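First the structure, in the form of structure tokens, and then the observations on it.
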Amino acid sequence: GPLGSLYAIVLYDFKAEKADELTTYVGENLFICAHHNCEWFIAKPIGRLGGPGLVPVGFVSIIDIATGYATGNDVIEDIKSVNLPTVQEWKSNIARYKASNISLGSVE
């Protein structure tokens, strides 16, 4: 129901090929930072001070908090849920805005 934070799950170990590509690990948990052509994703691991990076969609799945299954949904639908801005629209926001604070709710 509530949105504002989207995440994905690595079902396969990705291998950074590009010069800005990032490597991943199979059966891993991570969150998308952006999406390109609803084909590529802007990964951003914390395990290491770096990222973000480009990752394949076939190597990541979107699912809600649970054991780890596929309901049959898609990332695109989740992209419009978390207003997941395209890597192109993100890069545009980068160096555009400045660290700020926004209203936040509260509920145990």
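Labels for the structure tokens follow display order: chains A, B, ..., residues from 1 in each chain, ligands from 1.
If you count only C-alpha atoms and ignore residues fewer than 2 places along the chain from stretch 24-30 of chain A, what sits within 10 Å of it is residues 6, 7, 8, 9, 10, 11, 12, 13, 14, 15, 16, 21, 22, 32, 33, 43, 44, 45, 46, 55, 59, 60, 61, 62 and 68 of chain A.
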Same residues, C-alpha atoms, saved as a PDB file, in the first residue's frame:
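So the final result, stored in part_28.pdb, reads:
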```
ATOM      1  CA  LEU A   6      11.523   0.362  -3.574  1.00  0.00           C
ATOM      2  CA  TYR A   7      13.902  -2.579  -3.508  1.00  0.00           C
ATOM      3  CA  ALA A   8      15.025  -5.494  -5.648  1.00  0.00           C
ATOM      4  CA  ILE A   9      16.641  -8.887  -5.202  1.00  0.00           C
ATOM      5  CA  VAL A  10      19.570 -10.326  -7.118  1.00  0.00           C
ATOM      6  CA  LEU A  11      18.760 -13.791  -8.407  1.00  0.00           C
ATOM      7  CA  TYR A  12      22.078 -14.019 -10.214  1.00  0.00           C
ATOM      8  CA  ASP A  13      25.654 -12.871  -9.750  1.00  0.00           C
ATOM      9  CA  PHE A  14      26.182  -9.901 -12.034  1.00  0.00           C
ATOM     10  CA  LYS A  15      29.538  -9.038 -13.557  1.00  0.00           C
ATOM     11  CA  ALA A  16      30.470  -5.421 -14.164  1.00  0.00           C
ATOM     12  CA  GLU A  21      29.151  -1.068 -14.269  1.00  0.00           C
ATOM     13  CA  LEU A  22      28.956  -2.615 -10.820  1.00  0.00           C
ATOM     14  CA  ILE A  32      17.286   0.113  -7.279  1.00  0.00           C
ATOM     15  CA  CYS A  33      18.431   3.714  -7.497  1.00  0.00           C
ATOM     16  CA  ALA A  43      22.377  -0.251  -8.396  1.00  0.00           C
ATOM     17  CA  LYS A  44      24.007   1.227  -5.316  1.00  0.00           C
ATOM     18  CA  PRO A  45      25.576  -1.215  -2.850  1.00  0.00           C
ATOM     19  CA  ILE A  46      26.646  -0.092   0.601  1.00  0.00           C
ATOM     20  CA  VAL A  55      22.871  -3.544 -13.577  1.00  0.00           C
ATOM     21  CA  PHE A  59      19.603 -10.172 -12.626  1.00  0.00           C
ATOM     22  CA  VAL A  60      17.214  -8.476 -10.230  1.00  0.00           C
ATOM     23  CA  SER A  61      13.631  -9.011  -9.132  1.00  0.00           C
ATOM     24  CA  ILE A  62      11.144  -6.831  -7.294  1.00  0.00           C
ATOM     25  CA  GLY A  68      11.324 -14.415  -1.242  1.00  0.00           C
TER      26      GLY A  68
END
```
For this session: Can you list, as a count of residues only, all residues belonging to chain A that DSSP tags as strand (DSSP E)?
Result: 16
Problem set entry | All residues 12 Å or closer to residue A:76, only C-alpha atoms, same chain fewer than 6 positions away omitted, as a ChimeraX atom specification | /A:6,8,32,34-41,57,61-62,82-86
For this session: Determine the nearest neighbour of residue A:87 from the options A:3, A:19, A:42, A:99, counting only C-alpha atoms.
Result: A:42
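Excluding residue A:105 itself and same-chain residues fewer than 2 positions from it, the residues having an atom within 12 Å of it are residues 2, 4, 102, 103, 107 and 108 of chain A, counting only C-alpha atoms.
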Residues of the last selection are to be written out with N, CA and C atoms, as an mmCIF file, in the first residue's frame.
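To be explicit, this is the file written out as selection-v8.cif:
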```cif
data_model
loop_
_atom_site.group_PDB
_atom_site.id
_atom_site.type_symbol
_atom_site.label_atom_id
_atom_site.label_comp_id
_atom_site.auth_asym_id
_atom_site.auth_seq_id
_atom_site.Cartn_x
_atom_site.Cartn_y
_atom_site.Cartn_z
ATOM 1 N N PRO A 2 1.661 1.410 1.093
ATOM 2 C CA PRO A 2 2.538 2.562 1.229
ATOM 3 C C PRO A 2 3.759 2.433 0.315
ATOM 4 N N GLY A 4 7.376 4.827 -1.401
ATOM 5 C CA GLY A 4 8.408 5.788 -1.052
ATOM 6 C C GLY A 4 9.779 5.114 -0.965
ATOM 7 N N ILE A 102 12.601 16.997 4.211
ATOM 8 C CA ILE A 102 11.203 16.974 3.822
ATOM 9 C C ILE A 102 10.372 16.372 4.958
ATOM 10 N N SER A 103 9.097 16.733 4.969
ATOM 11 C CA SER A 103 8.189 16.238 5.991
ATOM 12 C C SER A 103 8.156 14.708 5.966
ATOM 13 N N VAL A 107 4.650 6.110 12.398
ATOM 14 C CA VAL A 107 3.729 5.037 12.736
ATOM 15 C C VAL A 107 4.526 3.800 13.155
ATOM 16 N N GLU A 108 4.397 3.455 14.426
ATOM 17 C CA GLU A 108 5.097 2.300 14.964
ATOM 18 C C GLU A 108 4.969 1.112 14.010
#
```
